[PDB]
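The residues making up each chain are set out below.
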Amino acid sequence: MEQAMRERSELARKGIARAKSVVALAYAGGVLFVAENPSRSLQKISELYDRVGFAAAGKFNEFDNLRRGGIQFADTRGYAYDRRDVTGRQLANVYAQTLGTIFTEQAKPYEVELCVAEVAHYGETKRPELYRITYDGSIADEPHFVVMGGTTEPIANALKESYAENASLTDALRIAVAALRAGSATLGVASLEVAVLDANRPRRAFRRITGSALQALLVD
Amino acid sequence: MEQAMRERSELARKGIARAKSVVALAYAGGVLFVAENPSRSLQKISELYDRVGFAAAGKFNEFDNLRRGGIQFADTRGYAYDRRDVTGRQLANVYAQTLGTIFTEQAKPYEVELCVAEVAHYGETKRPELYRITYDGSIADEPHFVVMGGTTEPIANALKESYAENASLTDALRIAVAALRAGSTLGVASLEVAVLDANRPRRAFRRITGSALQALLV
Amino acid sequence: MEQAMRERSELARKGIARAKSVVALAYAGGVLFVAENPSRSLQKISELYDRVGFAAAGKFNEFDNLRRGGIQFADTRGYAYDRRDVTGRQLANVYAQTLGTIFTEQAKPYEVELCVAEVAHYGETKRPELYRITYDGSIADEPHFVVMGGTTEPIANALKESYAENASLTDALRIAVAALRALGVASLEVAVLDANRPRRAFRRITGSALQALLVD
Amino acid sequence: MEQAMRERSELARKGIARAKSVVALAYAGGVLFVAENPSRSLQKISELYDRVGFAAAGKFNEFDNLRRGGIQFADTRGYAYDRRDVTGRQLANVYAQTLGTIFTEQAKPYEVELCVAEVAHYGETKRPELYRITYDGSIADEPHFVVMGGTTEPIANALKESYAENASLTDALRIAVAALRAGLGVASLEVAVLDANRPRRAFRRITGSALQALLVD
Amino acid sequence: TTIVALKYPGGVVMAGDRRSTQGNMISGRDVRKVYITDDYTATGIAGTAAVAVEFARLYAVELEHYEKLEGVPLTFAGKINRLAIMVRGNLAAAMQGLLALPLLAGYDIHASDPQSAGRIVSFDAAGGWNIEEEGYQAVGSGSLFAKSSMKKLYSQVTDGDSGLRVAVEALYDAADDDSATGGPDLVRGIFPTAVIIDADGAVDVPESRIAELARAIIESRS
Amino acid sequence: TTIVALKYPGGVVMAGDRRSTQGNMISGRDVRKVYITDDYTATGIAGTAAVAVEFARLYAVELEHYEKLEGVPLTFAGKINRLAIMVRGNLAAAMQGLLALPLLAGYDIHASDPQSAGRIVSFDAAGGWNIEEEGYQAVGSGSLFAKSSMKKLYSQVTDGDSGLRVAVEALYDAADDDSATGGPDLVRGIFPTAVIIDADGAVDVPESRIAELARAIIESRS
Amino acid sequence: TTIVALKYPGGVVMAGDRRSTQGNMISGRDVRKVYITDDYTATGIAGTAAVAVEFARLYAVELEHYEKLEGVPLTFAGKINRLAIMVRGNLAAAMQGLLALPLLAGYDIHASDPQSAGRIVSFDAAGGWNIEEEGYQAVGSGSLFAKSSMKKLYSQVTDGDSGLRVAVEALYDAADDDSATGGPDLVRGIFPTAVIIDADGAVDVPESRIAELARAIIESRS
Amino acid sequence: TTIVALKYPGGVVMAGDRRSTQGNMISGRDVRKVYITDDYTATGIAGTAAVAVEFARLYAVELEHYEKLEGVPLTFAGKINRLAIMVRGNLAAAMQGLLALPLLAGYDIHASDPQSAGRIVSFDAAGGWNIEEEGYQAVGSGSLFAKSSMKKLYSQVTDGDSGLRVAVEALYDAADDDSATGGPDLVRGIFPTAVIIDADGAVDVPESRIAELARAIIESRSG
Ligand SMILES: COC[C@H](NC(=O)[C@H](CC(=O)n1cccc1)NC(=O)CCc1ccccc1)C(=O)NCc1cccc2ccccc12
Ligand SMILES: COC[C@H](NC(=O)[C@H](CC(=O)n1cccc1)NC(=O)CCc1ccccc1)C(=O)NCc1cccc2ccccc12
Ligand SMILES: COC[C@H](NC(=O)[C@H](CC(=O)n1cccc1)NC(=O)CCc1ccccc1)C(=O)NCc1cccc2ccccc12
Ligand SMILES: COC[C@H](NC(=O)[C@H](CC(=O)n1cccc1)NC(=O)CCc1ccccc1)C(=O)NCc1cccc2ccccc12
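Analysis parameters
- Residues numbered from 1 in each chain as written, not as in the entry; some residues may be left out.
- Chains lettered and ligands numbered in written order.
- Part of a larger assembly, values for the part shown.
- Heavy atoms only, no water.
- Helix = DSSP H or I, 4+ residues; strand = E, 2+ residues; numbered from the N terminus.
- Areas by Shrake-Rupley, 256 points an atom, 1.4 Å probe, with all protein chains shown as cover.
- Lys, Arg positive; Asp, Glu negative; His and termini not counted.
- Charge placed at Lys NZ, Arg CZ, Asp CG, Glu CD.
- Patch = residues over 30% accessible without salt bridge, like charges linked within 9 Å, V, L, I, M, F, W, Y side chains within 5 Å.
- Salt bridge = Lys/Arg side-chain N within 4 Å of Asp/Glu carboxyl O.
- Contact = heavy atoms within 4.5 Å.
- Polar contact = N/O pair within 3.5 Å; in protein donor to acceptor, adjacent residues only side chain to side chain.
- Near = heavy atom within 4 Å.
- Buried area = accessible area lost by both parts, 1.4 Å probe.
- Nonpolar A, V, L, I, M, F, W, Y, C, P; charged D, E, K, R; others polar.
- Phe/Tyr/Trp six-rings, centres within 6.5 Å; stacked < 30°, edge-to-face > 60°.
- Buried < 20%, exposed > 50% of the residue type's maximum accessible area, 1.4 Å probe, protein only.
- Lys NZ or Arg CZ within 6 Å of the ring centre and 35° of its normal.
- Pairing = 2+ DSSP bridges.
- Axes fitted to C-alpha atoms, helices over the stretch in contact; angles between N-to-C directions.
- Parallel < 35°, antiparallel > 145°, perpendicular 65-115°, else oblique.

Undergrad: How would you sum up the overall build of chain B? Please name residues and give values.
TA: Within chain B, the regular secondary structure consists of six helices and 10 strands. Considering only C-alpha atoms, chain B reaches an extent of 50 × 45 × 30 Å along its principal axes. A total accessible area of about 8,400 Å² is found for chain B, and carbon and sulfur atoms account for 50% of it. Seen as two clouds, the 28 positive and the 26 negative side-chain charges of chain B have centres 5 Å apart.

Take a look at the structure:
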């Protein structure tokens with residue numbers, strides 16, 4: 001069973017290293033998600049709940065199952081209690097429990113790695129929260145940014161020298177695309193998936209930046 | 001059978017030894033929990049029942065499962081009978097039975113080590129109880145302190161030399177961070193602290209964070 | 001199969017040998033349970049029913065499961081029929097049955113050894129009964145004493161030589177601790193099935209009283 | 001798969017060989033059960049139904065389960081139909097079926113060897129029947145005696161030479177203990193008879209002073 | 001139906017009538033309502049015949065089952081409790097008309113006093129039970145006439161024979177005032193059935209003995 | 001049926017009558033409706049006898065069961081809660097006629113004041129309960145007469161002896177106004193049963209003390 | 001039964017009477033109908049006592065269960081939704097006679113303005129809820145008399161103390177017109193119970209204060 | 001109760017009264033019966049309050065659930081179908097006294113002509129639906145008074161402002177003939193609530209605007 005656990009861990013690790021990278025970073029306006037994504041309709045970054053967003057790297061069907069299950073959890077909880085009782089830490093916690101179970105009991109572990117981000121409710125003063133859940137269910141919250149998928153250390157190094165708190169949307173996006181560019185082995189609008197949790201939106205904070213708007217923000 | 005149970009205990013032991021350490025000690029006012037924890041929001045220390053607290057080392061999702069089940073058990077027993085029928089011994093026993101089953105029958109044993117602590121009810125005179133439940137369901141009675149996670153022997157030895165009964169909150173906290181340093185430099189931002197305070201009228205668990213915690217470390 | 005069961009039997013035998021020892025003796029007043037138990041709140045000796053007591057050696061969570069299961073059996077049987085129909089022999093029988101199933105079918109066998117003891121009902125004259133049940137469901141009816149846990153041969157030898165029938169409480173207690181050393185309050189857990197009590201015979205002897213009976 | 005089966009067969013045969021021995025033989029008054037048994041409260045010989053008795057060798061908890069299951073079957077059938085529809089043959093057959101199932105499908109085979117015996121109902125002239133059921137569910141129809149557990153060959157050898165039909169109770173008991181010796185006293189024996197002369201329940205234990213009076217004198 | 005049970009020095013007697021009815025129609029006259037349920041216990045049941053006979057049969061099976069499984073018979077309290085649980089189990093069916101009320105008579109071998117080892121237990125439809133301290137009891141449509149007859153006659157019980165006589169006479173007074181209870185049939189020679197229990201066990205009373213006590217009663221009241 | 005229970009300094013006392021009825025008919029004279037359920041607890045139950053006894057037995061085993069499993073007895077509040085749950089469990093059966101209301105009397109070893117350690121708990125058919133601050137309580141068809149009697153007699157309760165007198169007198173008034181409640185039978189020598197509970201536990205009050213109290217009242221009312 | 005709740009600057013108050021009835025008969029004089037369920041929440045319940053006490057107990061358990069599982073207490077909206085789900089859950093049993101209606105009083109620590117953070121929530125038998133914007137509310141058989149009384153007395157509410165007074169006077173008017181609501185008993189010294197909740201949490205009002213306020217009202221009406 | 005909804009050029013409006021009743025007794029005066037259920041749909045419900053709010057809440061959750069799971073909101077026909085399925089689901093309990101009838105008002109962004117993209121859907125207790133091609137609809141105990149009022153006043157609808165006014169006026173006629181429907185309370189300042197939906201989305205109309213139209217109608221009948 002040390003055999004089985006090692007082999008499963010390595011299957012998951014190699015599965016994520018082979019996958020495109022995703023970056024999530026806190027900025028003055030909330031949380032920013034940038035991912036390497038050629039597709040027009042298949043999406044690695046998603047809304048979970050009012051002030052809670054989701055990002056994933058790895059095998060699409062697997063992290064999509066987790067995204068849908070996460071939405072089911074958030075919607076059921078918000079109905080059972082109140083929308084304001086649904087929190088980032090809760091979704092990060094359920095994912096840690098779920099992926100722990102999957103990693104230990106499914107035929108094959110999930111080759112996925114997750115980020116749950118939460119911004120404050122409209123009119124409140126609360127620092128963004130970012131959570132990183134790994135394939136075996138390990139969970140860690142990071143204060144500034146999270147990187148997932150592919151070769152992480154070049155991207156994380158680029159950010160840890162490049163990152164400044166309270167950046168502009170243009171500044172945070174530019175540093176983010178630079179850090180992603182350090183780890184790729186050819187990017188632009190057609191090659192990116194971008195979305196933000198906007199702490200200024202009144203209720204639903206998740207909003208996408210596509211096409212002309214994205215191009216205007218990348219030229220800075 | 002022999003080889004496989006050996007393999008389970010080795011997997012669990014190694015998982016715990018890779019994990020940051022947590023210490024729980026009895027002091028003049030009740031029970032003190034100090035854990036090495038950089039996180040701003042994820043908990044290794046928690047309330048179980050009125051006079052009962054929980055601390056853990058190992059895989060978060062697993063000791064979190066056990067924490068929730070403990071709360072589930074306690075709230076159910078208190079409802080079926082009465083709040084004063086919930087005891088620390090009962091929760092420690094249910095954890096022993098649970099980890100025994102998990103260790104022998106689940107796909108993977110839980111990489112966890114648990115501590116259940118109980119202080120007296122308000123106005124009553126009872127000395128705190130500490131229980132260690134390990135990954136295989138073994139349970140142990142401790143009167144003074146418990147160490148879990150990471151490199152245990154340096155921490156346990158530092159406490160064996162520096163520990164005194166009925167110390168004040170500040171002194172016990174100082175001892176705890178010292179012993180924690182000996183093993184796996186430690187401020188508020190890297191520590192999680194809470195007490196079972198026997199002087200609270202009903203719910204004894206209480207957190208000491210931020211301004212209060214720094215105020216105690218000086 | 002034959003190899004797998006030999007391995008299970010060995011896992012049980014080794015696990016039980018690593019644990020602390022427990023002794024049970026018939027004496028003039030009923031049955032005496034003496035166990036090495038440092039714990040203040042975890043107990044190796046327990047009451048099962050009015051005149052039936054339970055003692056165990058080995059892994060705590062496992063023989064505690066068997067203890068709770070026995071109390072459950074005894075109480076439902078007394079309710080379903082009558083209190084007087086609950087007997088030691090029948091509890092020993094369900095323990096043999098249960099440990100047999102555990103030993104053959106559970107993920108891991110139980111690293112435990114059990115003693116069920118029964119004294120006579122108030123005003124009746126019956127020699128106490130002692131039953132040993134081992135990890136595989138083997139049951140043996142023993143007339144004078146039972147030893148369980150750890151290295152049993154020294155303790156059983158000490159009693160075999162030193163055992164006296166119809167001993168006094170102090171007499172049987174001192175023979176028992178003597179054999180156990182082959183040990184103060186803090187290190188001992190002691191209780192009796194006291195055939196002189198009117199219904200519930202189980203009596204714990206703790207602290208001051210126990211100390212009083214050891215020092216003489 | 002056949003490796004698993006020989007392993008089970010040898011585990012059961014070894015377990016039964018290490019256990020104590022039991023003999024049941026038909027005599028003028030019915031059937032006599034005598035078993036080597038030191039215990040004072042644990043039993044290897046039992047009543048199943050009005051004219052049917054049970055004896056077993058091997059591991060106690062296992063043949064005790066089988067004994068209760070037989071008692072359940074007999075009582076259930078007797079209630080569902082009528083008492084006189086319960087027969088030794090039928091109990092022997094269900095034991096064969098049960099033990100075959102155990103031997104192929106349970107975690108560990110049962111280390112048991114079984115004897116189901118039946119005498120005639122009161123006032124009828126039927127000759128007693130003995131049935132042997134082995135750990136794999138094999139069933140054998142026996143007319144004179146059954147020996148089970150431990151080293152069977154010497155006791156059965158003593159019986160083959162010493163057994164006579166229609167012996168007296170004292171005589172049959174003495175042949176029985178004599179055959180057992182090849183392989184003692186009240187404290188070491190358990191005896192009971194299926195007594196064809198009792199009107200309803202033929203099973204009857206012979207204990208203590210009565211037994212001792214009946215051994216030699 | 002009337003079933004009587006009474007204590008005498010060192011034993012108990014139980015006797016029951018033989019009449020089976022469907023409304024006003026007599027559908028049986030040789031019916032047995034008193035059964036030996038074990039070596040020291042007898043049960044008589046009143047009510048629906050299907051349910052009464054089912055009770056007696058299943059109860060006897062239950063007691064012998066326990067005895068063979070556990071090597072020793074149930075204590076008398078256990079016997080009362082299982083019969084009580086059985087009645088309460090039948091309560092729902094009894095509400096829709098399938099009622100069966102038992103009366104239990106036994107000799108307790110594990111009792112302290114050998115001549116106070118007699119036991120008489122009556123029940124209610126819910127399985128309520130009563131161990132009767134006062135020497136006699138009855139059940140059935142004639143039970144009140146029988147109990148009032150025994151209230152005057154019980155001082156005459158000095159041995160098994162007098163107890164048996166009082167028993168038969170209470171059955172006579174029962175059938176005398178209750179048409180559902182059958183009196184002695186002298187044309188057909190059918191008489192109440194009776195069971196006696198002492199330290200030697202429970203035995204059926206021979207038909208001829210009850211016949212001559214009945215003839216004694218009839219003769220004596222004409 | 002009448003069951004009374006009252007607090008006295010340092011203890012509690014509970015007493016009950018001996019009558020069993022089926023409508024107007026007396027089906028018993030010696031029944032016991034007050035039971036020691038625990039070393040510091042007694043229960044008296046009114047209503048259908050079968051359920052009243054089943055409640056008593058099952059409750060007593062439930063308490064001992066918890067005690068043997070967890071090595072310590074239930075808090076007094078826990079005992080209240082388990083009994084209440086038992087009543088509510090029976091409500092459906094009670095609405096069909098199998099109703100039984102208990103009255104609980106205990107001594108709380110975990111109370112601060114050794115003279116406020118007596119506890120009297122009354123219940124309703126839904127399991128609602130009341131811990132009685134005002135010193136006495138009763139249940140049964142005579143409970144209203146008994147409570148109004150205790151309303152006038154309670155001021156003279158200073159110890160267990162006087163408390164037991166007030167109890168027997170309250171049962172006497174209840175039997176005086178309620179034909180379903182049985183008074184002292186001086187020809188048969190049958191008297192109410194009582195349980196007294198103090199710091200030393202729950203003990204049955206012997207017959208002789210209750211009889212002399214009875215004759216004391218019977219004398220005083222002539 | 002009558003329970004009142006009213007908002008004052010910076011807080012809220014809730015009060016309940018002490019009377020228990022079975023039809024027209026008084027079955028209790030000291031019952032408690034208002035409970036601290038949470039550090040900033042109190043609940044009063046009207047209806048069947050068994051169901052009401054179970055509600056308050058079970059609800060407090062659900063709130064603290066959530067808080068220990070998730071490290072933060074429920075938002076006030078969540079608390080309301082859970083109480084409503086509990087009521088609606090009982091709707092069938094209520095239709096059969098086990099009816100219990102709650103009234104919820106709280107202080108919302110997450111409200112924007114700390115002086116207007118007081119909250120009053122009423123429910124109906126299907127679990128309908130309404131958060132009251134008009135300052136006061138009531139429940140129980142006297143709720144109409146209390147609501148009409150507070151309609152005239154509410155203008156005098158300027159702080160916690162005056163609010164507690166109009167609450168007690170509303171319970172006085174309720175008891176004055178409704179026999180199921182018990183007024184202040186000056187012979188036994190039993191007065192309504194009240195809870196105050198403000199920014200510093202939920203505290204039980206001392207009985208002596210309520211006794212004072214009761215006597216002020218009684219005097220003022222003589 | 002009365003809830004009205006009507007189309008105007010380029011949008012739709014929904015308004016509902018504030019009264020809560022139990023028999024003849026007024027148990028509420030400020031109750032909200034008209035809800036924003038999604039960025040381009042509003043729902044008003046009539047009947048038993050517990051069930052009515054349960055429906056609105058669950059229905060909004062169901063729509064948003066679909067949208068987050070599938071990256072696109074439901075088609076308007078799909079929304080109609082889900083409300084229908086919800087109502088028929090409740091028909092058994094509704095038969096026993098737990099009735100809730102909804103009215104749906106929305107703006108269909110996938111409509112052919114944005115001029116006529118407004119939608120008004122009424123339902124019955126079996127979950128039957130009607131997409132209204134005559135401009136207005138109402139539900140509740142005052143719905144026939146309101147519909148008969150709008151039959152005479154609907155010709156005056158030329159923009160969002162006149163349409164809102166006419167809606168409040170039909171709610172006024174309903175409250176005038178139906179005691180379970182609450183009219184404008186000029187002492188407490190409680191007025192019907194209304195939601196307006198156009199291409200810019202669905203917004204709740206500011207209470208001041210309802211107070212102005214209410215007093216406007218009251219004087220319109222005092223002179
Ligand atoms: C008092 O109640 C009248 C009762 N009669 C019945 O139950 C008779 C018995 C009868 O007539 N039998 C005819 C041949 C088979 C029996 N049966 C019935 O009355 C039918 C009951 C029924 C009606 C409608 C739907 C379902 C069931 C009775 O006589 N009972 C007396 C009685 C008591 C104990 C053992 C008995 C054994 C045999 C016969 C009678 C017995
Ligand atoms: C219902 O209030 C009257 C009640 N009478 C009954 O319950 C009597 C008791 C009786 O007569 N017995 C005779 C032998 C066994 C009991 N029982 C019945 O009346 C049975 C009612 C019933 C009929 C059909 C279906 C279900 C139930 C009563 O006396 N209750 C008093 C009482 C209280 C506590 C313990 C008791 C124990 C024994 C006897 C009485 C006891
Ligand atoms: C309005 O209705 C009257 C109601 N009364 C009851 O419910 C009374 C209270 C009572 O008499 N008790 C006796 C000791 C224990 C309670 N009980 C009953 O009315 C019995 C209900 C019932 C009857 C038959 C079948 C099923 C259920 C009442 O007083 N309600 C007020 C009330 C509210 C909150 C908590 C309370 C706690 C205790 C007592 C009352 C309480
Ligand atoms: C139409 O019929 C009258 C109906 N009234 C009720 O349903 C009232 C509302 C009420 O008085 N409340 C008290 C505060 C919270 C609710 N409730 C009831 O009438 C309870 C129904 C019931 C009776 C018996 C058993 C079970 C249930 C009503 O006014 N309905 C209007 C209405 C429509 C949409 C949303 C609403 C939201 C809140 C309040 C009312 C609402």
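Undergrad: Provide a residue-level description of a nonpolar patch on the surface, including the pertinent values.
TA: A surface patch of nonpolar side chains, amounting to about 230 Å² of accessible area, comprises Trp129 and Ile131 of chain G together with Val53 of chain H. As for its position among the elements, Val53 of chain H is in helix α1 (residues 49-70).

Undergrad: Give a description of the arrangement of the chains that names residues and reports values.
TA: The two units chain A and chain C are non-contacting; their minimal C-alpha-C-alpha distance is 15 Å. The two units chain D and chain F remain apart, with a minimum C-alpha distance of 26 Å.

Undergrad: Give me the environment of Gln90 of chain A: which residues, what numbers.
TA: As for its placement among the helices and strands, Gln90 of chain A is situated in helix α3 (residues 88-105). With 26 residues separating them in the primary sequence, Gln90 of chain A and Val116 of chain A have C-alpha atoms 9.7 Å apart. Setting aside its immediate chain neighbours within four residues, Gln90 of chain A contacts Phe73, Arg77 and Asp85 of chain A together with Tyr66 and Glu70 of chain G. One polar contact links the side chain of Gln90 of chain A to the main-chain carbonyl oxygen of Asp85 of chain A, over a distance of 3.3 Å.

Undergrad: Lay out the site of ligand 1 with the relevant residues and their values.
TA: Residue and element names in this part refer to chain E. Near ligand 1, the surroundings consist of 15 residues, among which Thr21, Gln22, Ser27, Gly47 and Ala49 are the closest. Within the backbone of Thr21, an N or O atom sits 2.7 Å from a nitrogen atom of ligand 1. Taking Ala49, its main chain carries an N or O atom lying 3.1 Å from an oxygen atom of ligand 1. Taken together, the elements giving at least two residues each to the shell around ligand 1 come down to β3 (20-22), β6 (41-47) and α1 (49-70).

Undergrad: Give a description of the interface of chain C and chain B that names residues and reports values.
TA: Listed as interface residues are 19 residues of chain C and, on the opposing side, 21 residues of chain B. Looking only at chain C, the three residues that lose the most surface to chain B are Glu7, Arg40 and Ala107 of chain C, adding up to 31% of its buried area. For the interface between chain C and chain B, the tally reads two salt bridges. Between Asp141 of chain B and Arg40 of chain C there is a salt bridge, with its nearest N and O atoms 3.8 Å apart. Remark: the boundary between chain C and chain B carries nine residue pairs in polar contact. Among the elements of the structure, α1 (2-17) and α2 (60-80) of chain C are those that each provide at least two residues to the side of chain C that touches chain B. Of the residues contributing to the side of chain C that touches chain B, the split by class is five nonpolar, five polar and nine charged.

Undergrad: Provide a residue-level description of the packing of aromatic side chains, including the pertinent values.
TA: Under the criterion given, the structure shown has 26 aromatic pairs over all chains. Here the aromatic rings of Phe60 of chain B and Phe63 of chain B are separated by 5.5 Å at their centres, their planes lie at 75°, and the arrangement is edge-to-face. Of this pair, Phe60 of chain B and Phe63 of chain B both sit in helix α2 (residues 60-80), separated by three residues, roughly a single helical turn. The exposure class assigned to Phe60 of chain B is buried, which follows from its relative accessible area of 16%. Of note, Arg82 of chain E hangs over the ring of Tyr81 of chain C, and the distance from its end group to the ring centre comes to 4.8 Å. Between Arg82 of chain G and the ring centre of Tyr81 of chain A, over which it is positioned, the NZ or CZ distance is 5.1 Å.

Undergrad: Give a detailed account of the pairing of β6 of chain E, specifying residues and quantitative values.
TA: Residues and elements named next belong to chain E. Burial runs high along β6: six of the seven residues are buried. In the sheet, strand β5 (residues 34-38) pairs with β6 via four bridges, with the strands oriented antiparallel. Bridge assignment links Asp38 to a residue of β6, and that residue is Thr41. Counting the residues between successive antiparallel strands, the hairpin from β5 to β6 contains two residues. Across seven bridges, the pairing between β6 and strand β7 (residues 100-107) is antiparallel. Looking at β7, one finds that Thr41 is bridged to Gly106.

Undergrad: Please provide a residue-by-residue account of the packing of α1 of chain C against helix α3 (residues 88-105) of chain C, values included.
TA: Residue and element names in this part refer to chain C. Two elements in contact, α1 and α3, have axes whose closest approach is 10 Å; the angle formed by their N-to-C orientations is 120°. With respect to each other, α1 and α3 are oriented oblique. On α3, the residues touching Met5, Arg8 and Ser9 of α1 are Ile102, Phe103, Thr104 and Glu105. Its residues assigned to classes, the contact of α1 with α3 shows three nonpolar, two polar and two charged.

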